[PDB]
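Have a look at the structure below before the remarks.
Note on naming: letters A, B, ... go to the chains in the order of the sequence lines (proteins, then strands), and numbering restarts at 1 for each one. Because only heavy atoms are used, hydrogens play no part in the values below, and waters and symmetry mates are left out as well, while side chains stay in.
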Amino acid sequence: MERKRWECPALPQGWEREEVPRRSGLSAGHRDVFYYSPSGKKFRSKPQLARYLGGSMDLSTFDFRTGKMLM
DNA sequence: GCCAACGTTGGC
DNA sequence: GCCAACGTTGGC
């Protein structure tokens, strides 16, 4: 239950991935996953991410929750 | 007025 | 029953 954020190598240069554990309520302990662009914009779902990156790379096998390409 | 934080819901 | 995707809002 600590927040983690650094470079995601499945994405282009300067994109970062973050995990935030929820501290309270019914879903306490669940880890939300976010991505940050080089410009600092925050993404919270894959369709949202694919609107930015989907032109400039293939995202069909990118697993948003794990941050890796499924092979 | 935003947005981090948690809940709701549809699709499987 | 699970969870991807996002709706909603208290606290700022």
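Side chains of A/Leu11 and A/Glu16 form no contact here, defined as non-hydrogen atoms less than 4.5 Å apart.
Residue A/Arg22 contributes atom CZ, which lies 14 Å from atom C1' of B/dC3 at whole-angstrom precision. Atom CZ of A/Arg31 and atom P of C/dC3 are 15 Å apart (whole Å). When rounded to the nearest whole Å, the span between CZ of A/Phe43 and P of C/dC6 equals 13 Å. Atoms CD (A/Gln48) and P (B/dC3) sit 13 Å apart, rounded to a whole Å. The CG-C1' distance, from A/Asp32 to C/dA5, rounds to 11 Å in whole Å. Put simply, CD on A/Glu19 is 17 Å from P on B/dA4, counting in whole angstrom units. Nucleotide B/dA4 holds its P atom 9 Å from the CD atom of A/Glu18, rounded to whole Å. Taking atom NE2 on A/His30 and atom P on B/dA5, their separation rounds to 13 Å, with Å as the unit.
In this model, the phosphate group of C/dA4 is approached by a side-chain N or O of A/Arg65 to a distance below 4.0 Å at OP1 or OP2. For the pair A/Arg3 and B/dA5, the criterion of a side-chain N or O lying under 4.0 Å from OP1 or OP2 is met. The side chain of A/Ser24 places an N or O atom within less than 4.0 Å of a non-bridging phosphate oxygen (OP1 or OP2) of B/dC6. Listed pair A/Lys46 / C/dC6 fails the phosphate criterion, with no side-chain N or O lying under 4.0 Å from OP1 or OP2. At the phosphate of C/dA4, neither OP1 nor OP2 sits under 4.0 Å from any side-chain N or O atom of A/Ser45.
For A/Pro47, taking side-chain heavy atoms from C-beta onward, the closest of the listed nucleotides C/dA5, B/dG7, C/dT8 is C/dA5.
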side-chain hydrogen bond (donor to acceptor under 3.5 Å, both in side chains) evaluation trace for A/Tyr35 with A/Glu18: CA-CA 6 Å; A/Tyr35 294 87; A/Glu18 167 183 73; over 6 Å; no
Start with the C-alpha distance between A/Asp32 and A/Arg22, add both sets of side-chain angles, then the distance that settles salt bridge (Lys or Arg N to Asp or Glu O under 4.0 Å), and finish with yes or no. CA-CA 7 Å; A/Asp32 294 284; A/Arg22 301 178 175 202; 2.8 Å; yes
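A/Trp15 pairs in a ring pair (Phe, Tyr, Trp, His ring centres under 6.0 Å) with only one of the listed residues (A/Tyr52, A/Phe43, A/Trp6), which is A/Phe43. Each of A/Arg65, A/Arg5, A/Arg31, A/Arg3 was scored for a salt bridge (charged side-chain N to carboxylate O under 4.0 Å, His left out) with A/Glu19, with one residue passing: A/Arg31.
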